[PDB]
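Okay, structure first, notes after.
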Amino acid sequence: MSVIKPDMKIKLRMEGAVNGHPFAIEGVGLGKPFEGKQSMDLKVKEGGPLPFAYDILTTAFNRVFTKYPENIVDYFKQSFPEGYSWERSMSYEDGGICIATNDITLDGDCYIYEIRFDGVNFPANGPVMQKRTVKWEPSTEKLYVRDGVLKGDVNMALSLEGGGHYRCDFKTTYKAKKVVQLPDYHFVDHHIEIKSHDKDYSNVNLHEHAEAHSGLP
Amino acid sequence: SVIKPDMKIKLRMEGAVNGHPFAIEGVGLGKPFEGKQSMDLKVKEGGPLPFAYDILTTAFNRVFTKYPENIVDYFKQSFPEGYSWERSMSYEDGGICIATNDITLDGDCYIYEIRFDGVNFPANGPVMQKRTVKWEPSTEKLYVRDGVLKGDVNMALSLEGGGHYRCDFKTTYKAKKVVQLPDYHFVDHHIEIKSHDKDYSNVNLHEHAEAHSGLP
Amino acid sequence: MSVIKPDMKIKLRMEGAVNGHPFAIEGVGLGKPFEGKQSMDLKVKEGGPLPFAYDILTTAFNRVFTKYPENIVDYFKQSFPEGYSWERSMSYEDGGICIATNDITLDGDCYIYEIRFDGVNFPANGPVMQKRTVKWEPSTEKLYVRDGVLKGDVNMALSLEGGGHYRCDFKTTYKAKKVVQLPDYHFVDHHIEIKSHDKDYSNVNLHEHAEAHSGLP
Amino acid sequence: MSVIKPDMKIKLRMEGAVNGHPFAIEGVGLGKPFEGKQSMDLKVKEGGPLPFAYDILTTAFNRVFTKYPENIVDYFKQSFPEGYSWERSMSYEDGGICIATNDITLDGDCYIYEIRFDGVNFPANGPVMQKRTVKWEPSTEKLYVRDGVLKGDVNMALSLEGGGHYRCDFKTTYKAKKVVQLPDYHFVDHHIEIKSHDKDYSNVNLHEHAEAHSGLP
Ligand SMILES: [K+]
Ligand SMILES: [K+]
Ligand SMILES: [K+]
Ligand SMILES: [K+]
């Protein structure tokens with residue numbers, strides 16, 4: 001009581017490949033774990049310029065930054081100081097598919113992410129290889145316990161240039177590194193936004209706002 | 001001027017699950033602007049039903065959804081001509097249902113013609129074993145595609161003995177006339193069986209639904 | 001044991017709906033069970049002229065007509081005279097999805113099918129509603145036992161007018177009406193063909209050739 | 001002169017992660033490309049003993065070793081000496097999902113593979129993490145052209161210890177590194193087998209036999 005301060009820092013490195021093309025990105029940021037807000041700056045270190053839509057990475061760049069109510073177990077805050085990991089599949093409607101992992105540790109006031117990201121089967125003319133995405137719409141993730149860990153599923157949509165949406169289904173498994181208390185079925189509303197970026201996206205400023213709830217009464 | 005603050009509902013569903021035919025009729029009423037509704041359902045054929053009644057309930061109308069001013073209400077616009085929907089329901093254990101509803105309006109009463117079909121439910125699964133408790137509340141994601149409205153929702157049935165059984169809904173809503181097309185939005189749901197008899201020949205069913213646009 | 005002839009007959013009625021549009025079709029045919037060949041003539045009785053590619057229905061119009069090698073168990077011929085039923089989902093790459101059931105009985109030398117077929121979510125501009133399909137490619141179905149019944153999965157593809165293919169995944173459950181010996185994992189090669197039809201498909205002549213095998217040695 | 005001999009060699013390195021646990025494997029082998037047979041020895045170099053069923057990896061360890069008839073275009077042999085790459089998703093019935101990539105080059109008479117393999121969401125209690133798999137059944141892959149490259153889809157099944165099967169759907173994209181003749185829709189029968197292995201699977205002898213065909217008749 002309590003290793004989680006109302007303001008905390010973040011450092012990350014992501015190593016990855018999309019359609020066989022390796023890349024690496026590093027980031028530093030800060031957030032307010034209790035208001036469920038956070039932001040960070042990201043730099044492409046390898047594989048620049050990135051030949052695919054930068055949006056497909058942004059949800060990989062931590063649910064501790066989630067405003068939780070008193071009446072809902074917070075699975076992620078409990079997990080610390082030791083931390084937790086997640087595994088995620090991201091299945092796009094045109095047969096594109098990404099899978100990512102994050103190992104999350106804590107070093108004093110700073111969370112440290114080790115991220116692996118991989119994607120394949122994106123069509124050369126699809127909205128990802130042509131960089132035709134605008135942003136992720138807001139979302140509501142559904143979280144439920146299975147086999148003693150936490151699952152989260154969310155229907156995601158990328159707004160497209162020239163209108164319409166491009167759909168993706170996320171399936172995440174969250175794994176506390178130690179015994180914590182398990183939440184009941186609940187929801188997390190999200191909104192992730194790229195607030196600014198250069199032309200090749202080599203530098204990105206990224207924000208997220210997330211709040212948990214129990215849905216309709 | 002066809003949508004009165006209090007409306008009635010009449011429906012018939014004809015269907016089959018794992019090749020077993022059945023039919024259900026229902027009467028109900030709701031408050032379209034409050035996004036609340038309820039109804040009484042009676043199994044007319046194929047009773048007693050050999051499968052979890054819960055797979056049928058979401059088939060038994062987004063007219064009954066509370067829409068804000070700032071969000072276009074596709075469903076209230078479609079009347080008096082009305083609209084139809086098509087829906088696939090994909091269960092994590094390979095069970096799959098598809099349903100259709102053709103919705104018309106007669107005076108103050110909505111009329112549903114529903115077809116429901118399901119296959120490949122495992123005999124030892126929670127559907128055929130009837131081990132479901134209720135649907136969790138949900139948030140549906142609605143977006144336009146090819147001039148019509150799509151709605152996708154991550155659904156989950158609570159199970160006897162704990163845990164959940166997941167289902168992915170994909171719905172297409174089709175107005176039977178030209179209507180204004182909404183921006184990407186959400187509909188929170190909560191559907192509940194309030195009462196039923198032992199073998200579910202009689203069911204009282206409630207839904208509460210509200211539209212919104214997510215996190216500012 | 002002997003309730004099957006080297007030549008047998010078929011009668012069927014299918015009732016169905018695609019995208020909410022009801023229809024009905026009847027058919028009569030004959031086949032050579034032990035050779036795995038059959039053909040039939042089909043007539044639209046209701047809902048004509050069908051507004052969707054007829055091809056989506058054709059596999060719905062009996063594995064009794066499969067040549068089975070002596071060394072593979074034949075679940076299908078073995079089930080008669082009590083017969084069997086099947087349930088099938090057919091998932092198309094564009095979100096279109098059909099499910100169908102067949103209850104198969106035997107009356108003397110004639111199999112009788114009671115078929116229900118339903119499909120939804122076919123896009124208005126897609127190859128099914130726009131009737132742009134040419135034929136099913138031949139296929140190899142994979143059959144395996146689960147929970148004391150027989151499963152069959154097959155990767156299907158419709159050739160398209162002006163090139164390319166439109167993919168569909170079939171998952172079938174076959175259920176004998178009496179206890180039968182269960183087969184080992186095996187394959188059925190298929191080739192289904194519309195040999196002739198009239199302009200709007202009110203009348204169709206349909207052939208299938210099917211042989212079981214156990215793959216590369 | 002043809003860069004493809006009747007007998008050729010193979011060298012590979014795979015780097016990967018399953019459920020967030022990294023590993024690396026190297027292999028050397030040889031095969032007869034015009035006969036569609038090949039074999040190789042594999043050694044775990046990092047991450048061993050592998051904590052998951054080795055079986056999930058084996059298909060990631062080259063369609064060149066496929067016997068093509070003369071009447072079917074051979075996308076793979078044509079692609080050399082410049083070679084080709086593939087991307088593959090492998091979707092398991094219990095929500096486990098792997099994606100892999102292979103970049104294939106040619107050095108003299110030795111193919112060189114650079115392989116990335118990633119898998120997530122395999123349940124702790126599943127047959128992959130519990131190592132309850134026996135072998136892959138033989139299979140028939142379906143190959144078709146799309147967007148000027150070659151697609152291959154295959155229904156796979158792992159035989160399980162003490163009965164039954166565990167199903168996986170493969171979707172592969174093959175990309176020649178230069179312009180080659182595109183084939184028409186066809187099939188490849190496969191049979192992959194671990195012929196021998198030591199106890200924790202640090203050392204594996206792996207064989208594959210593959211033949212192309214056009215289906216019935
Ligand atoms: K863009
Ligand atoms: K129950
Ligand atoms: K056509
Ligand atoms: K084993």
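Read the numbers this way: they start at 1 and go in the same order the structure lists the ligands and their atoms. Values below: all heavy atoms of this structure, side chains included; hydrogens, waters and symmetry mates excluded. First the proteins, then the strands, lettered A, B, ... as listed; each starts at 1.
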Nearest heavy-atom approach of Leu50(C) to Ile25(C) is CD1-CD1, 4.0 Å
Could you tell me whether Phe122(A) and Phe52(A) have their ring centroids closer than 6.0 angstrom?
no
Would you say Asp55(C) reaches the K ion (ligand 3) with an N/O/S atom under 3.4 Å?
no
So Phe170(C) and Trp136(C), would you call those rings parallel, tilted or perpendicular, with 30° and 60° as cut-offs?
perpendicular
At a threshold of 3.4 Å, where the distance has to be below it, does the K ion (ligand 2) have an N, O or S atom of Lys130(B) nearby?
yes
Using the K ion (ligand 1) as the apex, give the angle to atoms O (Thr133(A)) and OE2 (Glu161(A)), rounded to 10 degrees.
90°
Please report whether the ring centroid of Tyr184(B) lies less than 6.0 Å from that of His165(A).
yes
